[PDB]
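The chain below stands alone, shown as structure tokens; this is the form deposited without the partner chain.
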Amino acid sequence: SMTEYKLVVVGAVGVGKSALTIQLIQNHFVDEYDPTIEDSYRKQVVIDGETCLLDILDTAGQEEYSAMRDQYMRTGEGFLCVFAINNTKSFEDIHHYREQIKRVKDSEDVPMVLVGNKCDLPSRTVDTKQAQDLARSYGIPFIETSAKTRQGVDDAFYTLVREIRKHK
């Protein structure tokens, strides 16, 4: 059967992890705020001509439960690290997520994509140049997205699969 890829979506509260995932899976924009406990989704897609199955874990941004992330980081094969371009604090939180994944995986070479979400909004506080420079220092792709307009949604998840394929 087609290869399955275990993807994990992480980032601070309210950056759009669920909105991005529900756009990918259900082609629908969630405008209301429904903070996540834990949700899983499945979707088959074609990436570079090869059909595969995305198994996506949508995680909670709650800082109170940061010590409970280790198990899903052990199981995940690739990570979408999401911040919001109008939320400087969520961008600062990214470093903490990457360090946590690196520590759990004990590796500098973990499939990851940096995602700057909410690019439809006029209230930008994180420059594209800052985020490109951070992704470069990590050695990972950076993609700007909007769960509202669907800009970059497929591309962010597809790029993460391409990163997994290159690593294994």
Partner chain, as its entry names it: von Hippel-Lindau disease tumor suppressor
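Numbering follows the first chain given and starts at 1.
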Legend entry - Residue range whose averaged C-alpha B-factor is higher in the record, 38-46 or 137-145: 137-145
Inset, instruction - Can you let me know which of the two, 56-64 or 95-103, has the higher average C-alpha B-factor in the entry? - result: 95-103
Inset, instruction - Quick one: which of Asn117, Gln130, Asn27, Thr51 shows the highest Cα temperature factor in the PDB entry? - result: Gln130
Legend entry - Ranked against its chain, the third holding the CA B-factor of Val126: highest
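Missing here is the form deposited with the partner chain bound; even so, the following discussion is about that form.
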Inset, instruction - Kindly indicate whether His96, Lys102 and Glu108 are, all three, within 4.5 angstroms of the partner chain in the entry with it bound, using heavy atoms. - result: yes
